[PDB]
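**Student:** Can you read through this structure? Questions will come right after.
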Amino acid sequence: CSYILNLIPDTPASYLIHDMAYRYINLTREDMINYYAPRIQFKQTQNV
Amino acid sequence: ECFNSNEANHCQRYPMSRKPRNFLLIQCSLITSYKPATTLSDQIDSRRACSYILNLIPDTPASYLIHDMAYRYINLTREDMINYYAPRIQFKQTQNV
């Protein structure tokens, strides 16, 4: 995501690429913890 | 002899300390030539620098503030970034900048 945020999109697919990388980089710590957590410990959050 | 005697007197007069305080007011490093910074290069370098900062894990409160401010910079809207680097002649008030 850090690498993607440097580039400048030129095509709609590239624009979606940039938007999704931005959305990933803008996720809260609890969201990131539950994002990589197994379903046994997984808890519902606002984004993940 | 005078230097040694005055060293002894100086050590007697003041309390000792074990932490030599800072002198380098701006710590920095270079490996290559330096090109004078322009506004376009400033924008590019700020983007790359925030990307580099977002990879690290802070350990101290100053590092935590560093990470928070880099995150806030990377989370600025396009109009905000345009007005951030714009001269006051074309500058217009926004929500963040």
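**Student:** So how tilted is helix B:39-55 from the main axis of chain B? Cα-based, degrees 0 to 90, rounded to 10.
**Tutor:** So the inclination is approximately 70 degrees.
**Student:** Work out the P(r) tail for chain B: percent of alpha carbon pairs separated by more than 20 Å, whole number.
**Tutor:** Tail of P(r) above 20 Å: 64 percent of Cα pairs.
**Student:** About its Cα centre, how strong a charge dipole does chain B have in debye, to the nearest 20, once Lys and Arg get +1 and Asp and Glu get -1 at the Cβ?
**Tutor:** In debye, rounded to 20, chain B gives about 160.
We did not get these values from a lab; they are worked out from the coordinates using the rules stated. Quick reminder, even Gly has a Cβ in these numbers, built from the backbone with ideal geometry, and neighbours come from all protein chains shown.
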